[PDB]
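Along the sequence shown, residues are numbered consecutively beginning with 1. As the structure lists them, so they are numbered: ligands from 1, and atoms in each ligand from 1.
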Amino acid sequence: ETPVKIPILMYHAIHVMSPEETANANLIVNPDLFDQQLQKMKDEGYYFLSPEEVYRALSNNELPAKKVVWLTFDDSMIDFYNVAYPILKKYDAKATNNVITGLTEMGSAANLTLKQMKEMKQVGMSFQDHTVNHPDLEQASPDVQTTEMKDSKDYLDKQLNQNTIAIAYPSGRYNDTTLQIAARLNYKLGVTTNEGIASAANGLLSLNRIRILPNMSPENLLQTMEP
Ligand SMILES: [Zn+2]
Ligand SMILES: [Zn+2]
Ligand SMILES: [Zn+2]
Ligand SMILES: [Zn+2]
């Protein structure tokens, strides 16, 4: 039985650019383009997965639909609530944001709040782990990697009354120690910045993702997501 594959899209910023952002090439996706990408996925019959569904699918090697996708957003930026979330609701799409818990605990205005996450969880959104302070985990000792990955999970689990199962490593950096620790902390899924469609063979704690480029037309994105 052929191993299943799952496109895991990696978004970051989605908002209208500031005057200074237009002066230099960057990676911010225009909201209108995000709308058009989701519209095309919906028309093509894509099923939008939660983290729990990705784990089940990869573990049992079966997809809940012919076309599936895991929409992921890193860094728990406020534009996910102000811009991305309304557009996701418009298309009845589910998505995951990987949260830097320290910025939320410190009250950063640039980042998602607990109240916003509680609202979004009731309309399809999931909030997973992106460490407490967003260090390069690879350059941290085993004890520090444990703290960064554990204390943030405990925060999301308690404050959002959940069992966090997925982590995104900051900047996609990890070593053997990172993955051993993530497993011992009862993470089920881990996502990297290694480009490609994902499958169990990547390593469940080291899954590929598809980087969303700002020049990425909906037609070309969908072709990239095909196995
Ligand atoms: Zn900006
Ligand atoms: Zn990050
Ligand atoms: Zn490295
Ligand atoms: Zn090592």
Check: residues 205-215 side-chain donor-acceptor pairs under 3.5 Å, at least two apart:
| residue | atom | partner | partner atom | Å |
| --- | --- | --- | --- | --- |
| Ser206 | OG | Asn202 | O | 2.8 |
| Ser206 | OG | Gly203 | O | 3.4 |
| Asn208 | ND2 | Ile197 | O | 3.2 |
| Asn208 | ND2 | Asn202 | OD1 | 3.4 |
| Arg209 | NE | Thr192 | O | 2.8 |
| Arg209 | NH1 | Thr72 | OG1 | 3.0 |
| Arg209 | NH1 | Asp74 | OD1 | 2.9 |
| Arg209 | NH1 | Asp74 | OD2 | 3.3 |
| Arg209 | NH2 | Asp74 | OD2 | 2.7 |

Exercise for review: For the Zn ion (ligand 2), report each protein N, O or S atom nearer than 2.8 Å, sorted by chain and then by residue number.
Suggested key: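 Only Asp75 OD1, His130 NE2, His134 NE2 fall inside 2.8 Å of the Zn ion (ligand 2).
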Point to revise | Residue pair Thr164 / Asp129, side-chain donor-acceptor N/O under 3.5 Å | key: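 There is no such pair (donor and acceptor under 3.5 Å, judged by atom type) between the side chains of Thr164 and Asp129.
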Review point. Does one side chain, of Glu53 or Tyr47, offer a donor that lies under 3.5 Å from an acceptor on the other?
Key: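 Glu53 vs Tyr47: donor-acceptor pair found between side chains.
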Check your understanding: Does the ring centre of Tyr11 sit less than 6.0 Å away from the ring centre of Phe80?
Key ->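 They do not qualify: ring centres at least 6.0 Å apart.
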Measure the spacing between [atom1] of [X] and [atom2] of [Y] and express it to the nearest 0.5 Å.
X	Y	atom1	atom2	value
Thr113	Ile78	OG1	CD1	6.5 Å
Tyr155	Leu114	OH	CG	3.5 Å
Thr101	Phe127	OG1	CZ	14.0 Å
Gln128	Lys153	CD	NZ	8.5 Å

Exercise for review: Quick one: list whatever passes side-chain contact (heavy atoms from CB on, under 4.5 Å) with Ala13, sequence neighbours left out.
Suggested key: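 Listed in chain order: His15, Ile28, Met77, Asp79.
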Point to revise | For the Zn ion (ligand 4), the closest N/O/S atom belonging to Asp176 | key: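 Closest to the Zn ion (ligand 4) among those atoms: OD1.
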Check your understanding: Is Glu62 salt-bridged to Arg56, going by a charged N under 4.0 Å from an acidic O?
Key ->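 No salt bridge links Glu62 with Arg56.
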Exercise for review: Identify which protein N/O/S atoms are less than 2.8 Å from the Zn ion (ligand 3).
Suggested key: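 Per the 2.8 Å query on the Zn ion (ligand 3), atoms found are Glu138 OE1, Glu138 OE2.
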